[PDB]
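Presented below is the structure to which this report refers.
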Amino acid sequence: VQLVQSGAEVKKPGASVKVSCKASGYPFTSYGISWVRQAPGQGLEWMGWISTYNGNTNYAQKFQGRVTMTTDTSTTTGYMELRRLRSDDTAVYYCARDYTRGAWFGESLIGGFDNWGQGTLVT
Amino acid sequence: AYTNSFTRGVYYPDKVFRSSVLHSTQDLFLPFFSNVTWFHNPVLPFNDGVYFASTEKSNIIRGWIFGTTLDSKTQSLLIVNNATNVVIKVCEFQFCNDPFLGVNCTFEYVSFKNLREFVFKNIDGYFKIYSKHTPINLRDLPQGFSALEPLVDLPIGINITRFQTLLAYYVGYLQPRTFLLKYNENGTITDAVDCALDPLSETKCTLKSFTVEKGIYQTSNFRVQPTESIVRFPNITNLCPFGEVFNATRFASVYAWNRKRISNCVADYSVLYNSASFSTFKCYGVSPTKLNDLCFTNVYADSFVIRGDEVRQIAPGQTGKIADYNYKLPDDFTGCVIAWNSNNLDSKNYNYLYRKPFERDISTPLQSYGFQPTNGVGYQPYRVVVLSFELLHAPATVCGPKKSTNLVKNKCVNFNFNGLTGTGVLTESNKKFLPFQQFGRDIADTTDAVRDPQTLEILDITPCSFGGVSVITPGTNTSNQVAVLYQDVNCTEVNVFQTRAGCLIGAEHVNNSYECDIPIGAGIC
Amino acid sequence: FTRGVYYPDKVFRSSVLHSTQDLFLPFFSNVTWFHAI
Amino acid sequence: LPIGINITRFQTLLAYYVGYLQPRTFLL
Amino acid sequence: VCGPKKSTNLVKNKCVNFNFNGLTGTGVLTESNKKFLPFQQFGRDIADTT
Amino acid sequence: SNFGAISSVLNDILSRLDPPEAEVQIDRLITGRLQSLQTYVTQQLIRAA
Amino acid sequence: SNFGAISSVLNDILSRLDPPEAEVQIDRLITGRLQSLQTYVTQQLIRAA
Amino acid sequence: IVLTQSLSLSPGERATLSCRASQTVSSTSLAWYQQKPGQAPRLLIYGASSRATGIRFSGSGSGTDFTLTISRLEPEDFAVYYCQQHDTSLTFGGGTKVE
Ligand SMILES: *[C@@H]1O[C@H](CO[C@@H]2O[C@@H](C)[C@@H](O)[C@@H](O)[C@@H]2O)[C@@H](O[C@@H]2O[C@H](CO)[C@@H](O[C@@H]3O[C@H](CO[C@H]4O[C@H](CO)[C@@H](O)[C@H](O)[C@@H]4O)[C@@H](O)[C@H](O[C@H]4O[C@H](CO)[C@@H](O)[C@H](O)[C@@H]4O)[C@@H]3O)[C@H](O)[C@H]2NC(C)=O)[C@H](O)[C@H]1NC(C)=O
Ligand SMILES: *[C@@H]1O[C@H](CO)[C@@H](O)[C@H](O)[C@H]1NC(C)=O
Ligand SMILES: *[C@@H]1O[C@H](CO)[C@@H](O)[C@H](O)[C@H]1NC(C)=O
Ligand SMILES: *[C@@H]1O[C@H](CO)[C@@H](O)[C@H](O)[C@H]1NC(C)=O
Ligand SMILES: *[C@@H]1O[C@H](CO)[C@@H](O)[C@H](O)[C@H]1NC(C)=O
Ligand SMILES: *[C@@H]1O[C@H](CO)[C@@H](O)[C@H](O)[C@H]1NC(C)=O
Ligand SMILES: *[C@@H]1O[C@H](CO)[C@@H](O)[C@H](O)[C@H]1NC(C)=O
Ligand SMILES: *[C@@H]1O[C@H](CO)[C@@H](O)[C@H](O)[C@H]1NC(C)=O
Ligand SMILES: *[C@@H]1O[C@H](CO)[C@@H](O)[C@H](O)[C@H]1NC(C)=O
Ligand SMILES: *[C@@H]1O[C@H](CO)[C@@H](O)[C@H](O)[C@H]1NC(C)=O
Ligand SMILES: *[C@@H]1O[C@H](CO)[C@@H](O)[C@H](O)[C@H]1NC(C)=O
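Protein chains in written order, with the entry's author numbering: chain H, 2 to 124; chain D, 27 to 66, 81 to 143, 165 to 172, 186 to 212, 214 to 242, 264 to 444, 448 to 454, 462 to 470, 491 to 620, 641 to 671; chain G, 32 to 68; chain V, 229 to 242, 264 to 277; chain Y, 524 to 573; chain X, 968 to 1016; chain A, 968 to 1016; chain S, 2 to 7, 11 to 59, 62 to 105.
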């Protein structure tokens, strides 16, 4: 199993960025995609979780109304669109396979984020 | 180099005296007229047993080695006659790359002009040796008949897959075929019929007589065999969320169990079955290892927490606080009950409450389970998941991880349609199935036709052609030539004559009418 | 009258007289009529 | 529907006819 | 390595309960005229009967 | 007919169960079907007379 | 006759055992009684001939 | 819910890392991660104590007080460890650096 993301980008405040993630080595439908942010010098922040099966998405309050997550099962990918970027959003955005929540039922699971991508840096 | 084994390779199957009798027996014998390899130190397979024969001028062949690796890794059987003393050992021997003779142990024993025949077989750990010595005057084995007698029985318990001959000789292999053995007044075998050699031998074995009278006799049933294998399941690419049932953070209480519907997925049950984390895995209407060959219309997972002592109540035909008031199963329940100890997950915990089949009455009367990490096993919590299986009756949706294959039409195949199996010929039907119907049935309750799970087309299933086989025999007093009639079949399915009664092979058709002698049927004799 | 029949299962059958038993409406039964005025 | 719910009464929501089913044998 | 299953004396011309190695039954033991081969321990009638 | 077996279909028993139990379910069908043939043959022999 | 059943009387089986066990005892009586009728009928048909 | 985490140790020494929660956790929803400099975090422990596939590492705890221990530190353990709680939404602590 391996997750791979897009390269770094630089944006001015008010701009939007689309951060892509692709994955392989497992059936896509059964695992969700977790987005985790890490600003330089900071710890990890959960942004949201999207079901690759039904499109249901949960978001951390800090990003509600700002981030839209989507999936495409035909290419084994997911995307995170961040609207109205601020200088406060300079961070590495990580894509991780997520087994802490059920892809089909939306319920909490006993697990964690096992396979992570390299992290996409957005300025 | 290969030779004709003729009628040799017969031995006395046991130590029982029989006289003036024709006895039918099935055992490992060399097939008549079999293909045997002619040698002038190779390692040969042992298979199910070995026919060995040698022809001698000056005692060139001295012995044999039987075993597996034959390289100081395990036990092997060494049988060698060195000058005058036969030595049998079963030690963990180190053999040479090319062993020959010049001019940890569990058992030890010490004792062309000629033909020495042997039978080497290993049944239930016992190595049986039969042999026969006779003078010859002969490039091949001589033609003739005799039976070999048992001499040695070695209780060694060693697996033999290969053997080698230590120094002409011939090697054949024994097969589980039926023979009719002719015993004389003195208890010896004087003749034999190989019941699987040809249609005349079949007649002789069927009638239990070496000489058979003129007439037509039924000896067997001919059937067309399948040439392919077809695996048909809907091409679902969705891995089935059993992990979301078994690895869940929160489980429901038994008075209010959580019923999760599983559909539109590939159900891999090898994880649940092989996992050692479960305290129990018990299936009632299915085997736990067949679950990956089957396909269900739905799978329902009933998830709940109960006390250890009451795990036994999650079964058909049960009574008790759970079986009667909280979670009742059908008596004819089909599915699997999987459970495990959750003492290190749920215990602290009084949040688990308890009081027709699958009735979930949550009206509020309820008591809590005192689940504590320090209690005894019967008082520890268990997580129970019941997987209720709806068997094929309508199009199935939840199928095991089988790799599908292409479908071959107008040929005999071994088929599997969503768990529905059998042998037959698949052809286009003229039937109109309703949207909820995957298959139909005949008066015999057998499948008449099926819907292909990938393509919305209906195919008829026609059983592979078969019928009785009768042998037409002029009588072995006049001729050993026979003709064979395959009843109610086509000659394209089986000097050939097609008639109403079946396909007659070997008889020459003649336009002149004659008085009937051996009847076939439908005006033909 | 003769209403009350349904397919007892989901298996295709044809050209056959099949005997089954289930929760069917009895023939020529007494059913209550609820008008809508 | 996989309901697990007890049904003893019902109501029709807006002509209609209501009868009751019985475990009887039929030749179809 | 098997124990010494014990034997008894054989009595002829009487109805007895016999045990010969692994074969048992009830009958009368008399001298036969059957020429068994050197390796044959038991004999049979046509319908698989000792 | 089931004859006490879980299923009237032999292939269903074989596809669902392993031999330790499948043989039991099959033996039930064998007794019933063998009995059915014996009944049929007896009736054919009497009718034939 | 018991035919291997705990009781020759069907009512005594039913008053003693719950279905999961009663059915087994009843099947034993059914096989014996059904077999008895088949024997009776065969004899009546041959005698009738 | 908020997590607070609370290391100078030589290779070969035993390490104890800990996190406290402002509210109790289901326990089975506790996970620990290890992030090497220049790399994404990886899962070490899940279910409070269960070891993730491919992972001397052990977790334990209850209520609002949980730990992660390493029986003997290796040069490759000099990473930042994180405490994750996911029973009620998702949160991480600040992270603890081990040298
Ligand atoms: C419930 O979750 C359990 C944990 O799930 C894992 O952890 C969570 C947090 C996520 O990251 C999740 O994605 C992870 O899978 C889960 O247990 C796991 O089950 C799988 C089987 O599906 C196990 O995989 C097999 O592992 C063995 C090796 O095991 C040994 O080594 C490991 C080293 O870490 C030790 O921990 C073990 O105790 C053993 O000593 C492999 O040999 C095996 O490969 C072979 O089999 C597969 C088919 O399964 C073939 O394709 C291969 O070719 C081989 O023939 C697998 O890789 C996994 O180890 C196991 N993890 C743990 C921690 O137990 C559990 O199954 C879930 N329950 C359900 C119902 O899903
Ligand atoms: C054995 O088979 C070969 C073909 O592999 C054939 O040429 C040879 O004649 C056969 N020998 C006998 C004795 O049937
Ligand atoms: C045959 O070999 C055995 C050892 O396996 C030896 O004891 C015996 O004396 C030998 N006999 C002859 C005649 O060489
Ligand atoms: C005999 O077998 C034992 C194992 O039971 C092994 O340790 C020993 O080395 C073996 N001896 C020889 C000579 O192979
Ligand atoms: C023979 O092979 C079987 C497996 O088919 C194995 O269980 C048995 O232990 C083997 N016996 C010997 C003596 O190697
Ligand atoms: C049986 O053996 C005797 C010699 O004891 C011999 O004369 C007789 O011909 C043999 N009979 C048969 C059928 O082999
Ligand atoms: C199988 O694949 C084809 C495309 O090749 C698709 O149209 C069809 O719907 C798939 N069937 C299933 C059951 O998913
Ligand atoms: C359904 O409710 C009735 C009361 O109206 C009760 O008598 C019956 O037992 C209930 N059925 C179930 C399955 O609980
Ligand atoms: C038929 O059998 C007799 C012996 O009963 C024999 O004399 C006769 O020659 C046989 N017929 C033929 C054609 O060989
Ligand atoms: C037998 O096969 C031939 C060739 O296909 C066909 O013409 C003939 O009608 C078939 N006969 C029967 C009885 O099926
Ligand atoms: C029988 O006569 C017909 C002509 O009517 C001919 O075509 C056929 O080949 C003849 N068959 C034989 C066996 O001589």
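Here a beta-carbon is modelled for each residue, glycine too, at the ideal position from N, C-alpha and C.
- [ ] State whether the region 30–42 of chain H contacts the region 324–336 of chain D, with contact taken as three or more CB pairs (one from each stretch) at a distance under 8 Å.
- [x] yes
- [ ] Ignore the nearest five residues each way along the sequence and tell me which others in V341 (chain D)'s own chain have a CB closer than 7 Å to its CB.
- [x] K356, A397, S399, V511
Task: Close beta carbons around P665 (chain D), own chain, < 7 Å, minus the five adjacent residues each side - done: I312, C671
TODO: Using only alpha-carbon positions, find the residue among D:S221, D:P579, D:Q239 that is nearest to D111 (chain D).
DONE: D:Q239
Open item on the list: Taking its Cβ as the centre, do 16 or more other Cβ atoms sit within 10 Å of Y269 (chain V), making it buried, or is it exposed?
Closed with: exposed
TODO: Report the neighbours of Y88 (chain S) on chain H: residues whose CB is nearer than 8 Å to its CB, in chain order.
DONE: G44, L45
- [ ] Just the C-alpha distance for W50 (chain H) and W36 (chain H), rounded to the nearest angstrom, thanks.
- [x] 7 Å
Open item on the list: Determine whether the beta carbon atoms of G566 (chain Y) and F43 (chain D) lie at a separation below 8 Å.
Closed with: yes
TODO: Please go through the same chain and pick out, in chain order, the residues whose beta-carbon is closer than 6 Å to the beta-carbon of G232 (chain D), but skip the five residues on each side of it.
DONE: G199
TODO: Determine, using beta carbons only, whether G416 (chain D) comes closer than 8 Å to chain E.
DONE: Reference to chain E is not applicable here, since the protein chains of this structure are H, D, G, V, Y, X, A and S.
- [ ] Mind listing which residues have their beta carbon within less than 6 Å of any non-hydrogen atom of ligand 6? Chain order is fine.
- [x] D:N280, D:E281, D:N282
Task: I1013 (chain X) at chain A interface by Cβ criterion, 8 Å - done: yes
Task: Cα-Cα separation, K23 (chain H) to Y94 (chain H) - done: 14 Å
Task: Beta carbon proximity, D571 (chain D) to chain V, threshold 8 Å - done: no
TODO: Kindly list the residues whose CB is nearer than 8 Å to the CB of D364 (chain D), restricted to its own chain and excluding five residues on each side of it in sequence; keep chain order.
DONE: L335, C336, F338, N388, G526, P527
Task: Boundaries (first-last residue) of the beta strand (DSSP E) holding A19 (chain S) - done: 19–25
Task: Neighbourhood of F106 (chain D) by C-beta, 6 Å cutoff - its chain only, sequence neighbours within 5 removed - done: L117, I235, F238
TODO: Counting only runs of 3+ residues fully inside the region 27–55 of chain H, write out the beta strand (DSSP E) ranges in chain order.
DONE: 33–39, 46–51
Task: Pick from D:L84, D:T51, D:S46 that is closest to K557 (chain Y), judged by C-alpha positions - done: D:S46
- [ ] Indicate whether at least one CB of chain G lies closer than 8 Å to the CB of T236 (chain V).
- [x] no
Task: Residues of its chain near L552 (chain Y), where Cβ-Cβ distance is below 6 Å and the 5 sequence neighbours each way are ignored - done: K535
Task: Straight-line Cα distance separating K537 (chain D) from residue 21 (chain D) - done: Residue 21 (chain D) lies beyond the residue range present for chain D, which begins at 27 and ends at 671; the question has no answer from this structure.
TODO: Can you give me the start and stop residues for the alpha helix (DSSP H) that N354 (chain D) sits inside?
DONE: Careful: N354 (chain D) lies outside any alpha helix (DSSP H), inside the beta strand (DSSP E) at 354–358.
- [ ] Report the rounded CA-to-CA distance for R46 (chain S) versus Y495 (chain D), giving the unit in angstroms.
- [x] 38 Å
- [ ] Determine the DSSP secondary structure at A264 (chain D), reduced to helix, strand or coil.
- [x] coil
TODO: Please say whether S109 (chain H) and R98 (chain H) have beta carbons closer to each other than 8 Å?
DONE: no
- [ ] Note down, in chain order, every chain D residue with its Cβ under 9 Å from the Cβ of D93 (chain S).
- [x] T345, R346
TODO: Could you name the residues of the same chain whose beta carbon sits closer than 7 Å to that of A104 (chain H), not counting the 5 residues immediately before and after it, in chain order?
DONE: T30, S31, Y32, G33, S52, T53, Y54
- [ ] Taking only the alpha-carbon atoms, compute the straight-line gap between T167 (chain D) and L229 (chain D) and give it to the nearest angstrom.
- [x] 11 Å
Open item on the list: Quick check on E191 (chain D): buried or exposed, where buried means 16 or more other Cβ atoms within 10 Å of its Cβ?
Closed with: buried
- [ ] Would you tell me roughly how many angstroms separate the C-alpha atoms of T33 (chain D) and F318 (chain D), rounded to the nearest one?
- [x] 26 Å
Open item on the list: Between which two residues does the beta strand (DSSP E) holding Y88 (chain S) run?
Closed with: 86–91
Open item on the list: Below 8 Å on C-beta distance, what does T32 (chain S) contact in chain D?
Closed with: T345, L441
Task: Cβ-based burial, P272 (chain D) [other Cβ within 10 Å; buried from 16] - done: exposed
Open item on the list: Measuring straight from C-alpha to C-alpha, what distance separates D571 (chain Y) and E298 (chain D)?
Closed with: 22 Å
Open item on the list: Short of 8 Å Cβ to Cβ, which residues in the region 382–400 of chain D face chain X?
Closed with: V382, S383, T385, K386, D389, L390
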